[PDB]
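Please read the structure below before turning to the comments.
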Amino acid sequence: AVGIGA
Amino acid sequence: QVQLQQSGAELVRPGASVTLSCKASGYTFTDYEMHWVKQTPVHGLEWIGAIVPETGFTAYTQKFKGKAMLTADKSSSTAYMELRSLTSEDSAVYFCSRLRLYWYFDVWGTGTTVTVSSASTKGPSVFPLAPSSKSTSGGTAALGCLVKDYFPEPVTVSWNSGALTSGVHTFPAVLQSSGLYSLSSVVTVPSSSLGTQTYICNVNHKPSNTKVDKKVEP
Amino acid sequence: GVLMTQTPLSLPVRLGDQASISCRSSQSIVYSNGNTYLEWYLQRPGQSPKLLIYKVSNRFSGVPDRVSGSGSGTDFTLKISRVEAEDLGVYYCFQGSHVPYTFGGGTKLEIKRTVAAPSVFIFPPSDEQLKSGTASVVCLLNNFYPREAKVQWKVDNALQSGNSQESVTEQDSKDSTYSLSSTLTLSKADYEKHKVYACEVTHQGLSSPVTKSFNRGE
């Protein structure tokens with residue numbers, strides 16, 4: 001995944 | 001070694017709360033996000049949400065807002081998920097997983113079973129399934145343990161403190177008419193060795209804090 | 001959010017044959033750069049999910065080259081050019097481009113193999129359980145294929161109904177067989193009311209039914 005912090 | 005160590009099985013009454021923990025080991029806790037995933041037979045895998053430990057930022061799928069709340073403790077490198085005002089649909093197995101930004105879910109936690117029920121816990125009785133002439137086949141012997149009358153699920157079963165894994169069949173538990181679960185764990189071993197080897201089944205029922213060892217003999 | 005539709009729900013495959021699993025997304029799952037965070041995960045029962053494929057087509061470390069992924073537009077496919085015994089489990093596509101992240105519904109892979117007859121064992125109740133006033137007799141069927149098997153309990157030649165429970169293991173990951181445990185439970189009073197305890201086993205790999213029995217009191 002990209003990640004929720006991007 | 002990288003490790004994500006999750007807390008053990010829970011029995012929680014309806015409308016109550018429970019906090020699940022996931023402790024990171026062997027890497028810097030703040031360098032990865034922590035994600036939580038719900039698993040049920042009826043809905044498979046569901047993404048719950050995630051937290052950035054370094055900043056405390058969180059995100060959730062809409063249906064888990066107000067049901068799950070994620071926190072992280074940098075001082076102990078442990079992520080937490082609190083589940084609130086539980087119903088029977090919250091019975092599931094919950095996993096944690098780490099994520100480096102732009103990477104993937106490469107390491108997963110052991111998983112935590114949660115059973116929402118108003119019934120009281122009960123530890124199992126453990127009975128030997130003794131090998132005999134009626135459990136030999138082809139120079140081989142079967143033996144095992146009957147783990148009976150416990151609530152809720154699950155029990156973990158190991159043999160000889162984990163030294164014995166080959167040839168083990170631990171069956172899915174059945175639900176008896178009493179409302180208590182029953183399970184069998186069996187192993188196939190050489191017949192010639194029965195007088196020289198020792199076979200002990202280790203039964204652990206976390207919700208009742210029960211641990212029983214049974215030595216199985218002919 | 002993004003709906004991931006997986007097909008088929010269950011995929012029975014012969015050993016050595018080819019398997020293909022399709023995943024479709026309701027909307028584009030291209031991230032703003034032109035990279036697509038489409039992932040595939042496998043879960044065997046009792047175990048954590050395991051990463052297989054990331055970014056549509058890249059193999060995670062240690063994944064065999066017979067597993068491959070591909071996709072264009074909103075259609076994605078996981079392919080196994082030669083199914084082996086350890087590939088059994090539930091496969092999930094996963095969308096990691098747009099929050100909230102989403103899984104597909106899962107595809108259960110089930111392996112087909114040659115017929116294998118059960119090994120049958122019987123265990124009398126332990127003295128420990130008999131002191132509690134109940135007697136459980138256990139009939140075990142080890143490593144058979146296919147899954148369909150018949151256990152009939154006979155007490156002094158009278159066929160039993162209504163006093164037994166059974167459960168079947170998940171498919172074995174190395175020899176693709178199943179095992180079954182059946183438990184006959186009576187009151188200690190009824191148990192000491194009869195002499196011969198037998199389970200009769202019918203299965204495609206046996207030319208005729210197999211009976212395992214014992215006389216109470218040897």
Side-chain angles (χ1 to χ4, degrees), chain A residues 1-2, chain B residues 35 37-48 61 95 97 99 103-106 108, chain C residues 1-31 33-45 47-113 147 170-171 173 176:
Chain A
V2 174
Chain B
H35 289 243
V37 170
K38 179 183 188 171
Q39 192 252 308
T40 60
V42 293
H43 204 309
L45 296 183
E46 290 173 273
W47 194 73
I48 295 173
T61 88
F95 294 95
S97 195
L99 172 75
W103 286 81
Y104 36 62
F105 295 145
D106 61 344
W108 288 69
Chain C
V2 179
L3 301 143
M4 308 297 288
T5 305
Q6 227 173 306
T7 175
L9 312 181
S10 61
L11 186 61
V13 202
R14 279 184 296 194
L15 270 162
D17 272 8
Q18 207 193 143
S20 173
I21 303 167
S22 276
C23 182
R24 214 270 313 199
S25 59
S26 62
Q27 71 194 40
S28 173
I29 58 157
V30 186
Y31 188 67
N33 56 1
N35 285 69
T36 300
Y37 289 79
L38 187 290
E39 284 134 55
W40 291 95
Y41 293 91
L42 169 64
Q43 196 183 20
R44 308 179 222 289
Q47 269 173 33
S48 315
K50 321 142 184 79
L51 176 60
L52 298 178
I53 305 285
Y54 65 98
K55 273 163 158 172
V56 178
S57 50
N58 308 82
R59 279 186 277 287
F60 183 56
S61 322
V63 174
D65 296 275
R66 13 168 223 112
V67 182
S68 72
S70 71
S72 203
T74 60
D75 272 311
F76 304 88
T77 308
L78 181 79
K79 182 267 280 164
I80 300 156
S81 311
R82 180 170 170 89
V83 158
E84 298 290 346
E86 68 264 12
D87 304 336
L88 88 172
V90 184
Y91 294 75
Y92 298 92
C93 59
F94 169 79
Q95 176 278 120
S97 291
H98 302 314
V99 173
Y101 302 143
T102 45
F103 297 92
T107 298
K108 176 184 255 289
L109 194 132
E110 276 176 334
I111 279 146
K112 294 169 149 175
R113 54 152 294 163
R147 189 184 188 287
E170 68 284 12
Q171 194 166 26
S173 58
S176 313

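Every chain is numbered from 1 and lettered A, B, ... according to where its sequence line falls, protein lines coming before strand lines.
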| said: Quick check: do C:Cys93 and C:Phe76 have side-chain heavy atoms less than 4.5 Å from each other? | reply: no

| query | If you round to the nearest 0.5 Å, how far is CD1 of C:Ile21 from OG1 of C:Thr77? | reply | 9.5 Å

| query | What heavy-atom pair brings C:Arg59 and C:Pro64 nearest, and what distance separates the two atoms? | reply | CD-O, 3.4 Å

| note | Heavy atoms of B:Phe95 and B:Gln39 approach each other most closely as CE1-CB, 4.2 Å

| query | Got a second to check how far C:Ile111's CD1 is from C:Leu11's CG, nearest 0.5 Å? | reply | 10.0 Å

| message | Nearest 0.5 angstrom please: C:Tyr92 OH to C:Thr107 OG1, how far? | response | 9.0 Å

| If you measure from CG on B:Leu99 to OH on C:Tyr101, what distance do you get to the nearest 0.5 Å? | 7.0 Å

| message | Less than 4.5 Å apart, side chain to side chain, heavy atoms only: is that true for C:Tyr91 and C:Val67? | response | no

| note | Smallest heavy-atom separation, C:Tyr37 atom then C:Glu39 atom, equals O-OE2, 3.7 Å

| Side-chain H-bond candidate by donor/acceptor type, C:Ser10 with C:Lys108, under 3.5 Å | no

| field | C:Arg44 (side chain) donor-acceptor with C:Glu86 (main chain) under 3.5 angstrom | value | yes

| query | Can you tell me how far the OG atom of C:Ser81 sits from the CZ atom of C:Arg66, to the nearest 0.5 Å? | reply | 8.5 Å

| request: Return yes if a side-chain donor-acceptor contact under 3.5 Å exists between C:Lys50 and C:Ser48, otherwise no. | output: no

| field | For the student: nearest non-hydrogen atoms of C:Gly69 and C:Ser57, plus distance | value | O-CB, 3.2 Å

| Under 3.5 Å donor-acceptor, C:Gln95 side chain and C:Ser97 backbone | yes

| request: Answer yes or no: is there a donor N or O on one side and an acceptor on the other, between the side chain of C:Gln6 and the main chain of C:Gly106, under 3.5 Å? | output: yes

| For C:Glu110, what residues pass the salt bridge (charged side-chain N to carboxylate O under 4.0 Å, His left out) criterion, not counting sequence neighbours? | none

| Ring geometry between C:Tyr54 and B:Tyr104 (parallel below 30°, tilted from 30 to 60°, perpendicular above 60°) | tilted

| request: Without swapping roles, check the side chain of C:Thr36 against the backbone of C:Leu38 for a donor-acceptor pair under 3.5 Å. | output: no

| remark: Shortest non-hydrogen pair, C:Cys23 vs C:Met4, comes out as SG-CE, 3.4 Å

| remark: Tightest non-hydrogen contact, residues C:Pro12 and C:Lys112, listed as CB-CE, 4.2 Å

| field | Stepwise side chain to side chain contact (heavy atoms under 4.5 Å, CB included) test for B:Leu45 and C:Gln43 | value | CA-CA 10 Å; B:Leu45 296 183; C:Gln43 196 183 20; 3.8 Å; yes

| Between the main-chain N or O of C:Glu84 and the side-chain N or O of C:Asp87, is there a donor-acceptor pair closer than 3.5 Å? | yes

| request: Any salt bridge (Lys or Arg N to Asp or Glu O under 4.0 Å) involving residues 15-28 of chain C? Give me the pairs, sequence neighbours left out, ordered by first then second residue. | output: C:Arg14-C:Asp17

| field | Spacing of CG belonging to C:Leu51 relative to OG belonging to C:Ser61, to within rounding of 0.5 Å | value | 8.5 Å

| query | Is the centre of the C:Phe94 ring less than 6.0 Å from the centre of the B:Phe105 ring? | reply | yes

| field | Backbone of C:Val2 reached by a side-chain donor or acceptor of C:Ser26 within 3.5 Å | value | no

| said: Could you go through B:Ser97 and B:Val37, starting from their C-alpha distance and side-chain angles, then the distance that decides it, and tell me whether this counts as side chain to side chain contact (heavy atoms under 4.5 Å, CB included)? | reply: CA-CA 8 Å; B:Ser97 195; B:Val37 170; 5.7 Å; no

